[PDB]
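1. Sequence plus experimental coordinates follow:
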Amino acid sequence: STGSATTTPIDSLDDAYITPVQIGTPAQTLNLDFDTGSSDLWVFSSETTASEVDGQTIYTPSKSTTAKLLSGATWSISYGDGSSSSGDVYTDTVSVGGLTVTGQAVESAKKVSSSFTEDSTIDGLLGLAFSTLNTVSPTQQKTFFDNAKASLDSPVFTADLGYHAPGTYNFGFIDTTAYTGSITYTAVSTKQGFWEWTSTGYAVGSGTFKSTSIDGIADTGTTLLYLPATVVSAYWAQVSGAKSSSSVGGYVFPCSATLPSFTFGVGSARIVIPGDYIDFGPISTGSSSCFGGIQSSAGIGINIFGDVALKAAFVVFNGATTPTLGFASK
Ligand SMILES: CN(Cc1ccccc1)[C@H]1[C@@H]2OC[C@@H](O2)[C@@H](N)[C@@H]1O
């Protein structure tokens, strides 16, 4: 089998991407944030505290003839940005872009933090990291990808995120028309449950490439590119007037600036992030200070190749027995 679904930015800044997902019988379509940095599929639901729902589409398991309570199972997750959610669990039929999994754990939110409530366009998350990170207790549950894997033509999914435009998540096949040149594959460590890999270095604009190992994770659920402070300082030093602002929470730059590109290494290959991708606009409406798309990872504990990096590439998440990651230009 295969699946193919379009993923769409939630706003004009590409802050996140939503992908339609069919849950239950008859189908209830929810728009979920596909997140290669976590491993829970959870949704706003008829069980979510009423005051914490503001415009989201909810899953109502009582209206699904294939929904079954996973008795005794609960979940609770806290993300790196300080957001959180928790609840109980159903199993149900879940389809993404024509690919169907029966008996998928659908984690029903009873509680969500303010950041989720305030985002009316995101009806839940669909985790695509390794199932070892799944928070369901006392019986850990598998991701949609893990459940689908044996049935897929190939045990892979791909992320093809657009810049200020829709893109595509494919399951079970590699669309050879979707990228230019060749795909360069690189080793993955699953020791922390992430798609963790090591970039071979970086360049700023037309500058010389710096060969240096940068360990990080491929995370579609993170908006920006988080890299070591040395790297990030070298980038913003090429933008007149750019500075790190404690009050704002990162590097800002004059909105009148033209941003340089940023290149990162994948083995001997190079992925170029255009400067425009690194612009996240005025810090507040009408401000002439703009927020940077490359930020320091120093306060995170891990480097994160988020959407700013990933949208510059065609990315293969290879879930073979020994997983790997592939990057191509496009
Ligand atoms: C749950 N977050 C997305 C989100 C979606 C909607 C509202 C608020 C936040 C992020 C969070 O920031 C980085 C990391 O954790 C990421 N893997 C996760 O997807």
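-> Yep, that arrived. Residues are numbered from 1 along each chain as shown.

2. and residue 129, that's in a strand?
-> No: judged by DSSP: H, G, I helix; E, B strand; the rest coil, residue 129 forms no part of a strand; its state is coil.

3. Cross-check the contact I'm expecting between it and residue 39.
-> Yes: at 4.6 Å, residue 129 and residue 39 qualify as touching, with contact defined as Cβ atoms under 8 Å. Every C-beta, even on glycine, is put in place using the N, C-alpha and C of the backbone.

4. quick one: common contacting residues for the two?
-> 143, 193 (Cβ atoms under 8 Å, 6 or more residues apart in numbering).

5. Show me what from this structure comes close to the ligand.
-> Proximity of the chain to the ligand (Cβ under 6 Å from any ligand atom) is limited to residues 16, 33, 35, 37-38, 79-81, 83, 115-116, 119, 122, 219, 221-222.

6. what about residue 116, helix or strand, and which?
-> Using DSSP states H and E, residue 116 maps to helix 114-117.

7. tell me the contacts of the closest residue to residue 248 other than its chain neighbours?
-> For residue 248, ignoring the flanking residues on the chain, the nearest one in space by Cβ to Cβ, 6 or more residues apart in numbering is residue 283 at 5.5 Å. Taking Cβ under 8 Å, 6+ apart, we find residue 283 in contact with 248, 252, 289, 290, 291.

8. who does the second one bridge with?
-> The reference is to residue 252. residue 243, residue 291 (DSSP bridges).

9. What about it, how many residues nearby?
-> 24 (other Cβ atoms under 10 Å).

10. my guess is residue 20 meets residue 33, correct?
-> No: with contact defined as Cβ under 8 Å, residue 20 does not count as touching residue 33 (11.8 Å).

11. if you count what's nearby, which of the two comes out ahead?
-> Counted by other Cβ under 10 Å, residue 20 and residue 33 do not tie: residue 33 has more neighbours, with 22 against 17.

12. Using the three-state scheme, assign the more buried one.
-> At residue 33, secondary structure determined by three-state DSSP is strand.

13. Pull the distance from stretch 9-21 to the chain's centre.
-> Chain-centre distance of stretch 9-21: 10 Å, with Cα atoms, centre = their mean, to the nearest Å.

14. Quick one: end-to-end length of that stretch, please.
-> 15 Å (Cα to Cα, to the nearest Å).

15. Any idea how many residues pack against the residue lying closest to residue 9 once chain neighbours are set aside?
-> Nearest-residue entry for residue 9: residue 17, 5.7 Å, with adjacent residues in sequence omitted and distances by Cβ to Cβ, 6+ apart. Neighbour count of residue 17, defined by other Cβ under 10 Å: 27.

16. Tell me which residue of the protein lies closest to the ligand.
-> Going by Cβ to the nearest ligand atom, the ligand is nearest to residue 221 of the chain, at 2.5 Å.

17. Can you give me the neighbour number for that residue?
-> Using other Cβ under 10 Å, residue 221 has 23 neighbouring residues.

18. is it true that it lies in a helix?
-> No: using three-state DSSP, the assignment for residue 221 is coil, not a helix.

19. now the helices for the stretch 51-200 of the chain?
-> Secondary structure of the stretch 51-200 of the chain, counting by DSSP state H, counting those that start in this stretch: helices at 114-117, 144-148.
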